[PDB]
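Asks: structure for this input, please:
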Amino acid sequence: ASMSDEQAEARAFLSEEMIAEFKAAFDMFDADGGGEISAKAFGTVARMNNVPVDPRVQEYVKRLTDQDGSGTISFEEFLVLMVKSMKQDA
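Replies: Residues are numbered from 1 along each chain as shown. Shown next is the structure:
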(Lines give C-alpha, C1' and ligand atoms only; values in the text may rest on other atoms or scores of the structure.)
Protein backbone atom coordinates (compact mmCIF):
# COMPACT_ATOMS: atom_id res chain seq x y z
CA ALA A 1 0.00 0.00 0.00
CA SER A 2 1.56 3.23 -1.22
CA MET A 3 0.62 6.90 -0.86
CA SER A 4 -1.52 8.24 -3.71
CA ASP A 5 -0.69 11.84 -2.70
CA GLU A 6 2.56 11.20 -4.51
CA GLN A 7 0.54 10.16 -7.56
CA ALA A 8 -0.95 13.68 -7.69
CA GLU A 9 2.36 15.34 -8.55
CA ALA A 10 3.22 12.51 -10.93
CA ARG A 11 0.06 13.11 -12.97
CA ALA A 12 0.76 16.83 -12.87
CA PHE A 13 4.24 16.43 -14.32
CA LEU A 14 3.63 13.48 -16.58
CA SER A 15 1.13 13.91 -19.35
CA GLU A 16 -1.49 11.20 -19.86
CA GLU A 17 0.47 10.28 -22.96
CA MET A 18 3.55 9.74 -20.76
CA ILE A 19 1.60 7.94 -18.05
CA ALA A 20 0.21 5.65 -20.77
CA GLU A 21 3.70 4.75 -21.98
CA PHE A 22 4.94 4.07 -18.46
CA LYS A 23 1.80 2.02 -17.79
CA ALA A 24 2.53 -0.18 -20.79
CA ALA A 25 6.19 -0.48 -19.81
CA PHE A 26 5.19 -1.34 -16.24
CA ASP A 27 2.65 -3.92 -17.46
CA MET A 28 5.42 -5.61 -19.44
CA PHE A 29 7.07 -6.52 -16.16
CA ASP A 30 3.81 -7.11 -14.31
CA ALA A 31 2.83 -10.33 -16.02
CA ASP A 32 1.36 -11.44 -12.72
CA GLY A 33 -1.34 -8.81 -12.99
CA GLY A 34 -0.81 -7.50 -9.50
CA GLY A 35 0.06 -3.95 -10.42
CA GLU A 36 3.41 -4.36 -8.71
CA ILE A 37 6.83 -5.08 -10.18
CA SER A 38 10.24 -5.85 -8.74
CA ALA A 39 12.04 -2.87 -7.22
CA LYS A 40 15.17 -3.42 -9.33
CA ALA A 41 12.96 -3.69 -12.41
CA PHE A 42 12.50 0.08 -12.13
CA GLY A 43 16.05 0.61 -13.30
CA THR A 44 15.62 -1.72 -16.24
CA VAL A 45 12.34 -0.09 -17.32
CA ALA A 46 13.82 3.39 -16.98
CA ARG A 47 16.88 2.37 -19.01
CA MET A 48 14.85 1.00 -21.95
CA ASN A 49 12.69 4.13 -21.80
CA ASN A 50 15.85 6.28 -22.00
CA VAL A 51 15.12 7.60 -18.53
CA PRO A 52 18.27 8.36 -16.49
CA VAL A 53 18.21 6.31 -13.30
CA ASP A 54 19.07 8.66 -10.46
CA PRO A 55 21.72 7.23 -8.07
CA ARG A 56 19.81 8.51 -5.04
CA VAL A 57 16.52 7.00 -6.13
CA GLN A 58 18.36 3.78 -7.04
CA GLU A 59 19.77 3.78 -3.49
CA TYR A 60 16.23 4.05 -2.15
CA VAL A 61 15.03 1.48 -4.72
CA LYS A 62 17.55 -1.16 -3.68
CA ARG A 63 16.69 -0.42 -0.06
CA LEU A 64 13.07 -1.39 -0.75
CA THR A 65 14.00 -4.98 -1.46
CA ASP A 66 16.82 -4.75 1.09
CA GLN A 67 14.61 -3.91 4.07
CA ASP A 68 11.48 -5.81 2.99
CA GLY A 69 13.32 -8.80 1.56
CA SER A 70 11.30 -8.78 -1.62
CA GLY A 71 10.84 -5.23 -2.80
CA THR A 72 7.88 -4.56 -5.03
CA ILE A 73 6.56 -1.25 -6.31
CA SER A 74 3.04 -0.54 -7.43
CA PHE A 75 2.23 1.27 -10.70
CA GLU A 76 1.45 4.38 -8.67
CA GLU A 77 4.90 4.33 -7.07
CA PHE A 78 6.48 3.54 -10.44
CA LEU A 79 5.06 6.72 -11.97
CA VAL A 80 6.24 8.82 -9.03
CA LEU A 81 9.68 7.17 -9.15
CA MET A 82 10.05 8.08 -12.83
CA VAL A 83 9.19 11.61 -11.77
CA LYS A 84 11.73 11.67 -8.94
CA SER A 85 14.43 10.31 -11.22
CA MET A 86 13.74 12.73 -14.10
CA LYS A 87 13.33 15.64 -11.71
CA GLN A 88 16.62 14.94 -9.96
CA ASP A 89 18.40 14.32 -13.24
CA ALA A 90 19.78 17.71 -14.16
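Asks: show me the strands in this structure, by range?
Replies: Assigned by DSSP state E, the strands in the chain fall at 36-38, 72-74.
Asks: around residue 31, how many other residues sit close by?
Replies: When neighbours are defined as other CB atoms under 10 Å, residue 31 has 8 of them. Bear in mind the C-beta positions are built from the backbone N, C-alpha and C, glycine included.
Asks: how close does it sit to residue 38?
Replies: From residue 31 over to residue 38 the distance is 11 Å, taken as CB to CB, to the nearest Å.
Asks: closest one to residue 55 among the strands of the chain?
Replies: Using CB to CB as the measure, strand 72-74 is the one of the strands of the chain that comes nearest residue 55, at 17.6 Å.
Asks: what are the contacting residues of that closest one?
Replies: 2, 35, 36, 37, 38, 39, 42, 61, 64, 65, 81 (CB atoms under 8 Å, 6 or more residues apart in numbering).
Asks: strands paired with it, and their directions?
Replies: Strand 72-74 has the following strand partners under DSSP bridges: strand 36-38 (antiparallel).
Asks: what lies in contact with the strand it pairs with?
Replies: Residues contacting strand 36-38 (CB under 8 Å, 6+ apart): 26, 29, 30, 45, 65, 71, 72, 73, 74, 75, 78.
Asks: return the residues in contact with the residue lying closest to the fourth one once chain neighbours are set aside.
Replies: Spelled out, that is residue 45. Nearest residue to residue 45, sequence neighbours excluded (CB to CB, 6 or more residues apart in numbering): residue 25, at 5.1 Å. Residue 25 is in contact with 45, 48, 49, counting by CB under 8 Å, 6+ apart.
Asks: having no further points to raise, I will conclude here.
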